[PDB]
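Okay, so here's the structure we're looking at.
Chain identifiers are assigned alphabetically (A, B, ...) following the order of the sequence lines, protein sequences preceding nucleic acid strands; residue numbering begins at 1 within each chain. Worth knowing before you read on, the calculation uses all heavy atoms, side chains too, and leaves out hydrogens, waters and symmetry mates.
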Amino acid sequence: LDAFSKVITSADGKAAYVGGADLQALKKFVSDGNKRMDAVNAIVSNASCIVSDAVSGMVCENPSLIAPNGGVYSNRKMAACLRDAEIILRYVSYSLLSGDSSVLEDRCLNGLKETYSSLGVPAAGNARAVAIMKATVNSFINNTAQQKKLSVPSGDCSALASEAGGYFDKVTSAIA
Amino acid sequence: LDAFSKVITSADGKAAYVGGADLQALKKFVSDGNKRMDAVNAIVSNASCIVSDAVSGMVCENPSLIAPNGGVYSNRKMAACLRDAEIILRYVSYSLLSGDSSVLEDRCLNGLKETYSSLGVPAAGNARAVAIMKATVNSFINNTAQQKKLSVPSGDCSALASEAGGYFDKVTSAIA
Amino acid sequence: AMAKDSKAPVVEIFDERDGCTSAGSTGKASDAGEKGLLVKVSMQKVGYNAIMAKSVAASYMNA
Amino acid sequence: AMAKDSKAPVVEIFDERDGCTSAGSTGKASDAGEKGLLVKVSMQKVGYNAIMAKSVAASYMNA
Ligand SMILES: */C=C\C1=C(C)C(=O)N/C1=C\c1[nH]c(/C=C2\N=C(C[C@H]3NC(=O)C(C(*)=C)=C3C)C(C)=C2CCC(=O)O)c(CCC(=O)O)c1C
Ligand SMILES: */C=C\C1=C(C)C(=O)N/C1=C\c1[nH]c(/C=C2\N=C(C[C@H]3NC(=O)C(C(*)=C)=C3C)C(C)=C2CCC(=O)O)c(CCC(=O)O)c1C
Ligand SMILES: *[C@@H](C)[C@H]1/C(=C/c2[nH]c(/C=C3N=C(/C=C4\NC(=O)C(CC)=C4C)C(C)=C\3CCC(=O)O)c(CCC(=O)O)c2C)NC(=O)[C@@H]1C
Ligand SMILES: *[C@@H](C)[C@H]1/C(=C/c2[nH]c(/C=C3N=C(/C=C4\NC(=O)C(CC)=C4C)C(C)=C\3CCC(=O)O)c(CCC(=O)O)c2C)NC(=O)[C@@H]1C
Ligand SMILES: *[C@@H](C)[C@H]1/C(=C/c2[nH]c(/C=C3N=C(/C=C4\NC(=O)C(CC)=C4C)C(C)=C\3CCC(=O)O)c(CCC(=O)O)c2C)NC(=O)[C@@H]1C
Ligand SMILES: *[C@@H](C)[C@H]1/C(=C/c2[nH]c(/C=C3N=C(/C=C4\NC(=O)C(CC)=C4C)C(C)=C\3CCC(=O)O)c(CCC(=O)O)c2C)NC(=O)[C@@H]1C
Ligand SMILES: *[C@H](C)[C@H]1/C(=C/c2[nH]c(/C=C3N=C(/C=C4\NC(=O)C(CC)=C4C)C(C)=C\3CCC(=O)O)c(CCC(=O)O)c2C)NC(=O)[C@@H]1C
Ligand SMILES: *[C@H](C)[C@H]1/C(=C/c2[nH]c(/C=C3N=C(/C=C4\NC(=O)C(CC)=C4C)C(C)=C\3CCC(=O)O)c(CCC(=O)O)c2C)NC(=O)[C@@H]1C
């Protein structure tokens, strides 16, 4: 666990590379260790798809968000929203990789409601974007998406899909 | 077009940035200058979409291509094919930027048929991938794709669309 | 409190057990007992994507 | 004869007339008379994309 903590705390772009005995140990101390790698890949390999579809669905269900002065009116605010969606998505993916949400809660979520409140970022749209990412991640982990598929040994990843959904629930609770 | 020829000849990652008076001059030197900028953006901003859909269509129409000893069997060969499709698409996009096909013909296409023939890269699949990219680019230039839209001033771009198709036709002729 | 640097953990999963390698496939870690497999994590700033922002604004009504 | 370096001209179009800029928006060229507009061209190696290769193999039957 210390390899990831080092590069996350430094946050300088230095990478931790986990293979061999280090990788065998990583998977040994989490549940469903191999399936968990596939579940993490199902998220990160689809990051742009997940983010664009969630923010697009947030707007198509509530087009007031893209009306003049709306939450994502103008390219700068739309881009900041897509950026936030990916930031959140990636902390969830790291939570699923590590088997806990501590970095998600401490580095990403702590004080996030207050930040959005002061900025006027609408919590309803924010929650909806998270909810769509949650449902999309669920399909990808289960390999039930309509178009993009993942080829892995056949089995049941419901537990990992629930664990991922729980990390999204931590975001929804922090967004309020 | 001497700035472009510089960095194309050098082929070292150096960029030509074209703004201000240089860009005004460029847009008057080529035909339909402002529409041509939009037509080019319709290609390059959708490059991953165009390439993935064309190679996917090539395979879905001939799944032998992904069977053992097929043209894109194994991740290695599929990746090389996706690479070639983007290479070709990007030389087409540069032809549309500059208004001529010289770089496409000289640097990309000259001897390409012999290269593919010596390797046994199947010409029918290659031709179909190009054909699908041609049709997809045509819709994007005309902003008639079913999902991804481009917001531009209303007007006609059928001269630019025809020109782009002509560059794809030179690819089709070259790889026979 | 949360960070404010727009940085997030970028997790990359590698499965090269089909044998296709590149320069980055060796030297990053030991592969003992887990041939072809690696997890990479690094902190990266998540940038604005003007192309995607413009695309969503123009296309959001198309599922 | 054709090149063999896998390099292609990468064309990038910029329209920042809405006013949103960033570090890369200045000092690349003069904007005299064409405010917020730029064409960029460079030669870059087109790399292999394992994620997309795997995706097409698994998903090509889905339009
Ligand atoms: C990159 C996109 C996807 C590919 C490729 C693929 O194969 N699946 C993709 C995405 C995906 N989306 C969803 C679920 C939802 N997407 C929504 C947004 C969409 N719906 C709209 O009405 C509009 C605006 C017109 C949109 C842009 C919505 C609202 C959902 C449902 C969320 C929910 O259930 O509450 C999924 C999961 C469901 C599925 O497997 O089809 C995926 C995988
Ligand atoms: C990134 C994909 C696209 C988005 C987003 C969008 O809005 N349009 C996109 C792509 C696009 N595709 C085409 C045309 C074709 N695509 C083909 C591949 C597809 N068809 C199949 O049968 C299979 C395999 C099951 C596929 C993966 C094919 C064959 C075509 C037709 C080519 C031809 O005309 O000869 C277009 C152009 C037509 C349109 O505007 O819808 C676009 C824009
Ligand atoms: C839910 C995620 C889906 C699913 C997964 C599933 N995977 C396996 C088995 C394996 N997966 C891997 C993958 C990796 N291990 C690594 O270390 C890395 C790199 C970081 C990867 C990508 C491995 C090695 C295995 C073991 C089997 C093998 O050698 O291929 C299973 C089988 C059960 C198990 O726990 O081993 C399953 C079920 N399957 C689905 O149907 C879901 C969509
Ligand atoms: C076919 C491609 C579609 C289309 C295009 C179209 N565009 C315009 C007008 C303009 N387009 C630009 C765009 C740029 N100029 C640049 O220098 C750059 C950066 C390199 C870009 C992106 C500009 C500046 C104009 C002029 C008007 C303006 O200031 O906005 C037109 C109008 C006619 C004309 O020739 O100007 C058209 C028709 N329109 C469609 O409907 C097609 C899908
Ligand atoms: C605001 C945050 C919006 C946004 C901006 C954004 N732009 C870039 C990158 C570039 N922008 C230009 C544009 C110009 N450079 C110039 O010199 C001129 C005048 C002649 C213009 C119009 C260029 C060339 C780049 C690329 C820089 C390069 O090649 O080195 C970025 C990327 C980061 C960067 O600053 O390089 C960003 C984020 N993006 C959005 O999503 C907002 C809507
Ligand atoms: C063949 C052309 C296929 C392909 C390969 C490809 N791989 C990468 C990048 C990486 N691969 C690894 C994997 C490992 N490194 C190790 O040391 C080990 C042993 C423990 C493994 C399993 C890693 C870590 C990377 C990233 C490198 C980095 O972080 O800097 C690439 C990208 C280019 C490169 O060489 O780095 C490529 C092209 N890609 C395909 O599409 C083919 C299927
Ligand atoms: C995809 C639609 C089709 C396909 C592609 C495929 N191509 C190769 C190999 C090569 N492709 C080129 C092409 C270029 N190299 C360049 O530098 C340029 C211009 C800058 C071009 C156009 C070359 C030179 C090769 C050979 C060298 C190399 O591999 O890099 C392959 C690999 C073939 C093999 O057997 O190893 C593939 C798979 N294959 C299909 O089936 C599609 C029809
Ligand atoms: C998208 C679904 C919604 C949305 C997003 C939106 N967010 C901002 C601005 C900020 N977002 C953050 C978030 C973080 N910064 C970090 O460093 C981290 C952790 C590493 C996180 C989670 C912050 C700090 C800001 C403020 C500073 C900044 O702009 O970067 C905006 C811009 C708001 C504005 O009006 O300026 C937007 C638009 N907006 C929506 O409407 C969606 C509901």
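Residues passing the side chain to side chain donor-acceptor pair (under 3.5 Å) test with A:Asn110, sequence neighbours excluded: none.
Only the backbone of A:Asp106 comes within contact range of chain C, with heavy atoms under 4.5 Å apart. If you measure heavy-atom distances from A:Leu82 to chain C, the contacts under 4.5 Å come from the side chain alone. For A:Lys27, the part sitting under 4.5 Å from any heavy atom of chain C is the side chain, from C-beta outward, and nothing else. Heavy atoms closer than 4.5 Å to chain A are found nowhere in C:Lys35, neither backbone nor side chain. For A:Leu97, the part sitting under 4.5 Å from any heavy atom of chain C is the side chain, from C-beta outward, and nothing else. Residue contact with chain A, scored on non-hydrogen atoms closer than 4.5 Å, involves the backbone and the side chain of C:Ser6 alike. Within the 4.5 angstrom heavy-atom criterion, atoms from both the backbone and the side chain of A:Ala11 approach chain C. Interface remark: C:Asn62 contributes no atoms to any contact with chain A (heavy atom separation under 4.5 Å).
Across C:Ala29 and A:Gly19, no two heavy atoms sit closer than the pair CB-N, 3.9 Å. Scanning both residues, A:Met37 and C:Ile13, for their nearest heavy atoms gives O-CG1, 4.0 Å. Contact between C:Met43 and A:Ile8 at its shortest, heavy atoms only, is CG-CA, 3.6 Å.
Counting heavy-atom pairs closer than 4.5 Å to chain C, the top residue among A:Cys81, A:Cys108, A:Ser10 is A:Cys108. Ranked by heavy-atom pairs shorter than 4.5 Å toward chain A, the options C:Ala57, C:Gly47, C:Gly36, C:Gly33 are led by C:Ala57.
Side-chain contact between C:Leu38 and A:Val18 is absent, with no heavy-atom pair separated by less than 4.5 Å. Within the 4.5 Å cutoff, the side chain of A:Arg107 has heavy atoms near those of the C:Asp5 side chain. Side-chain contact between C:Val56 and A:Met78: present, with at least one pair of heavy atoms (C-beta onward) separated by less than 4.5 Å.
In this structure, CG on C:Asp31 lies 10.5 Å from CG on A:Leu23, to the nearest 0.5 angstrom. Atom NZ of C:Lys45 and atom CZ of A:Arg83 lie 8.5 Å apart (nearest 0.5 Å). To the nearest 0.5 Å, atom CE of residue C:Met2 and atom OG1 of residue A:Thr115 are 5.0 Å apart. Of the inter-residue distances, the one linking C:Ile51 atom CD1 with A:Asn75 atom CG reads 11.5 Å to the nearest 0.5 angstrom. To the nearest 0.5 Å, atoms OH (A:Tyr17) and OG (C:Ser42) are separated by 7.5 Å. Of the inter-residue distances, the one linking C:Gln44 atom CD with A:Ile87 atom CD1 reads 12.5 Å to the nearest 0.5 angstrom.
For A:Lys148, the NZ atom is densely surrounded, since the number of other residues' heavy atoms within 6.0 Å is greater than 12. Around NZ of A:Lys170, the count of heavy atoms belonging to other residues, nucleotides or ligands within 6.0 Å does not exceed 12.
With salt bridges taken as basic N to acidic carboxylate O contacts below 4.0 Å, none links A:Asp12 and C:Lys7.
Interface residues of residues 44-74 of chain A toward chain C, defined by a heavy-atom distance below 4.5 Å and sorted by number: A:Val44, A:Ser48, A:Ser52, A:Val55, A:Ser56, A:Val59, A:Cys60, A:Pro63, A:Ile66.
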